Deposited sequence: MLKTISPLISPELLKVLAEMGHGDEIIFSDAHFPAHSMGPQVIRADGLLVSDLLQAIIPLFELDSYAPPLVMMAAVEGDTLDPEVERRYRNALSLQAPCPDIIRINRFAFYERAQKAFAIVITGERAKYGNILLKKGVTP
């Protein structure tokens, strides 16, 4: 734990976040995500909701302006998604407003998770609660 920094961010994630450079991507997945088979280093955040890390990390993480900074997974046809999830993610990320969030199909998302800098799997239970953040040029 450290002062002025959300105690919800583990020491290892703190390191990962700092090591990230312009353009690096990090995923905060829901609890159902196959994080461990993607390839990048995985960090567990089992007792937390994605919205928890988002609000904890946003004052530290500059979002990329050179590319879509926020990406989520699109529900497969014949499946159900929750409208509220994306709503609080935006609220958690609004320091003030945050860029629009774009959804790509689940496979496209995995494909990109495979090249990500790291993956943080949380306890988010809602379906399709996975979100990718692309880092910008930290001022």
Wait, which stretches of the deposited chain are just not there in the structure?
96
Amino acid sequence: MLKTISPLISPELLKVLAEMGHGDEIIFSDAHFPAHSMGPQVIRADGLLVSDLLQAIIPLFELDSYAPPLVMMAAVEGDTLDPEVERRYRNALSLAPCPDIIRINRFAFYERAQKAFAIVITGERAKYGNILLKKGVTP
From here on, numbers count along this sequence of modelled residues.
Between 97-105 and 79-87, point out the one with the higher average CA B-factor as the PDB entry records it.
79-87
On average, are the C-alpha B-factors higher in 59-67 or in 107-115?
107-115
Residue with maximal Cα B-factor (values as given in the PDB entry) among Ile131, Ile121, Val16, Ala126:
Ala126
In the PDB entry, which of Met38, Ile43, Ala92, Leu49 has its C-alpha at the highest B-factor?
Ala92
Here the Cα B-factor of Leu53, set against its chain, lands in the third termed middle
Place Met72 in the lowest, middle or highest third of its chain's C-alpha B-factors, as listed in the PDB entry.
middle
